[PDB]
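Have a look at the structure below, then the notes.
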Amino acid sequence: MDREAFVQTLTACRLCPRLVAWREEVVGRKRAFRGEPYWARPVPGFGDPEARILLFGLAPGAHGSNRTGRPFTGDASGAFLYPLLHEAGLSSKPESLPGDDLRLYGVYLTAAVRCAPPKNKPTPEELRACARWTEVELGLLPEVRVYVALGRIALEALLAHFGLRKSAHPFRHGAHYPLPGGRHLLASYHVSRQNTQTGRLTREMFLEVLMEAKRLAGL
DNA sequence: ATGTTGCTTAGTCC
DNA sequence: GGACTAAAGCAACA
Ligand code: SF4
Ligand SMILES: O=P([O-])(O)O
Ligand SMILES: O=P([O-])(O)O
């Protein structure tokens with residue numbers, strides 16, 4: 001199917017009962033946004049359809065993409081990620097605002113699970129379910145040469161996608177693994193506030209990941 | 001009030 | 001694998 005069909009069918013998905021419930025349950029729970037409209041639906045990927053680089057996240061944040069409708073938009077993860085994409089020369093501007101004209105150059109963003117999960121922890125069954133969408137979405141990104149897993153969950157999801165053994169591809173920040181056709185699989189700590197604010201993942205470390213991804217992608 | 005909540009990782013154990 | 005938990009620094013939240 002083409003992208004329009006992908007977006008149409010994805011947004012109507014209701015395969016995971018716990019997530020169909022949670023994504024609406026959190027609406028109005030955060031003071032700063034009470035009374036505002038929430039997307040509260042599956043989150044479609046965003047970016048360059050001709051991207052050579054794919055940043056693969058974990059899932060929608062309750063008041064992040066689950067609220068704005070765009071990956072990494074409206075929360076601490078995006079506050080960290082988007083300015084860095086611009087600093088690396090991969091976007092039109094530093095900030096991402098729903099409904100703006102932000103363009104990503106050579107990069108596309110999505111995640112393992114597309115509906116906000118409780119405690120940011122999807123179940124093994126929910127991951128297997130949404131993996132069907134990963135197949136469809138990555139299938140619509142023919143030019144990707146570098147797949148960047150943001151966090152352990154994301155890496156494992158990508159390993160399943162490529163039919164790779166976990167034992168041979170452990171999760172460690174900076175890990176680099178080869179993929180068929182001269183492609184690459186990179187692993188980085190997730191951009192979560194828990195990782196950046198605690199010093200586990202610094203702005204320097206992530207920009208480096210981005211610069212390495214560009215290098216490996218021929219950009 | 002100032003204590004609680006919410007935002008992954010790495011190690012443990014079966 | 002999968003379930004469980006102590007640990008990390010910050011600030012909205014109550
Ligand atoms: S998480 Fe994925 S599979 Fe589950 S309901 Fe949402 S879009 Fe569908
Ligand atoms: O809502 P996310 O894309 O920042 O997880
Ligand atoms: O932000 P607070 O401290 O007025 O609740």
Side-chain angles (χ1 to χ4, degrees), chain A residues 16 18-19 21-36 38-40 43 54-85 95-98 109-131 134 147-177 185-210:
Chain A
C16 307
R18 190 182 68 138
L19 313 187
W22 187 251
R23 73 195 193 196
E24 164 64 13
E25 203 287 333
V26 304
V27 178
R29 284 247 247 158
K30 178 165 170 56
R31 174 222 270 169
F33 311 125
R34 178 159 278 180
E36 299 187 5
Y38 270 63
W39 176 241
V43 177
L54 181 289
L55 266 35
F56 204 61
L58 157 33
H63 310 291
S65 59
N66 179 56
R67 177 176 64 84
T68 60
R70 183 189 292 174
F72 298 106
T73 302
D75 58 24
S77 289
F80 177 88
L81 171 73
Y82 281 110
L84 297 180
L85 285 179
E95 306 299 312
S96 175
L97 297 174
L109 314 170
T110 190
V113 164
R114 301 165 175 72
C115 288
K119 308 291 187 53
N120 304 301
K121 179 60 174 182
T123 63
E125 178 182 355
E126 302 171 329
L127 283 153
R128 290 198 298 276
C130 210
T134 290
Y147 300 75
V148 186
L150 302 180
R152 168 93 93 67
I153 300 304
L155 177 61
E156 288 179 44
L158 287 177
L159 289 180
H161 172 69
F162 292 114
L164 298 179
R165 298 295 177 59
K166 296 186 175 184
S167 62
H169 312 75
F171 170 82
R172 78 173 186 65
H173 182 75
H176 49 70
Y177 303 120
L185 173 60
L186 297 181
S188 167
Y189 286 138
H190 190 269
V191 293
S192 168
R193 174 176 181 173
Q194 282 190 71
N195 288 164
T196 62
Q197 211 166 215
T198 53
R200 190 189 304 293
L201 176 68
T202 67
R203 282 194 297 169
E204 176 179 3
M205 283 166 78
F206 196 68
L207 180 54
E208 172 61 294
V209 169
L210 292 176

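The analysis underlying the following values was restricted to heavy atoms, covering all of them including side chains, and did not include hydrogens, waters or symmetry mates. So that the names make sense, note that chain A is the first sequence line, chain B the second, and so on, each numbered from 1.
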Without placing hydrogens or testing angles, list every side-chain donor-acceptor pair under 3.5 Å for residues 157-171 of chain A, not counting sequence neighbours.
from: A:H161; atom 1: ND1; to: A:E135; atom 2: OE1; distance (Å): 3.3
from: A:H161; atom 1: ND1; to: A:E135; atom 2: OE2; distance (Å): 2.7
from: A:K166; atom 1: NZ; to: A:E156; atom 2: OE1; distance (Å): 2.7
from: A:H169; atom 1: ND1; to: A:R165; atom 2: O; distance (Å): 2.6

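With sequence neighbours left out, A:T134 forms a side-chain hydrogen bond (donor to acceptor under 3.5 Å, both in side chains) with A:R114. Every residue meeting the side-chain hydrogen bond (donor to acceptor under 3.5 Å, both in side chains) condition with A:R29, not counting sequence neighbours, appears here in chain and number order: A:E25. Applying the side-chain hydrogen bond (donor to acceptor under 3.5 Å, both in side chains) criterion to A:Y177, with sequence neighbours excluded, gives no partner residue. Listed by chain and residue number, A:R193 satisfy the side chain to side chain contact (heavy atoms under 4.5 Å, CB included) test with A:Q197 (two or more places apart in sequence, or in another chain). Partners of A:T198 according to the side-chain hydrogen bond (donor to acceptor under 3.5 Å, both in side chains) rule, which considers only residues two or more places apart in sequence or in another chain, do not exist here.
The separation of B:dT4 from C:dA6, taken at their P atoms, amounts to 16 Å, rounded to a whole angstrom.
At a threshold of 4.0 angstrom between heavy atoms, the contacts of A:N120 are confined to the sugar-phosphate backbone, with no base atom among them.
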Please write out each protein N/O paired with an N/O of nucleotides 2-6 of chain C under 3.5 Å, distance rounded to 0.1 Å.
none

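A heavy atom lying under 4.0 Å from DNA chain B marks the following residues of residues 188-204 of chain A, by number: A:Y189, A:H190, A:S192, A:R193, A:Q194, A:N195, A:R200. Applying a 4.0 Å cut-off to non-hydrogen atoms, the residues of residues 21-32 of chain A that approach DNA chain C are A:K30, A:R31, A:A32, listed by residue number.
Judged by distance alone, the side chain of A:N195 and the main-chain N or O of A:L201 form no donor-acceptor pair under 3.5 Å.
The strand DNA chain C forms stems, runs of 3 or more Watson-Crick or G-U wobble pairs with distances below 3.5 Å, at B:2-7 with C:9-14, B:8-14 with C:1-7.
Between atom OG of residue A:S188 and atom CZ of residue A:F56 there is a gap of 14.5 Å, rounded to the nearest 0.5 Å.
Atom CD of A:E36 sits in a crowded spot, with more than 12 heavy atoms from other residues, nucleotides or ligands closer than 6.0 Å.
Here side chain to side chain donor-acceptor pair (under 3.5 Å) pairs that include residues 67-77 of chain A, with residues two or more places apart or in two chains, are A:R70-A:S96, A:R70-A:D100, A:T73-A:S96.
Taking 4.0 Å as the cutoff to heavy atoms of chain A, we find the contact window on DNA chain B bounded by B:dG6 to B:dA10.
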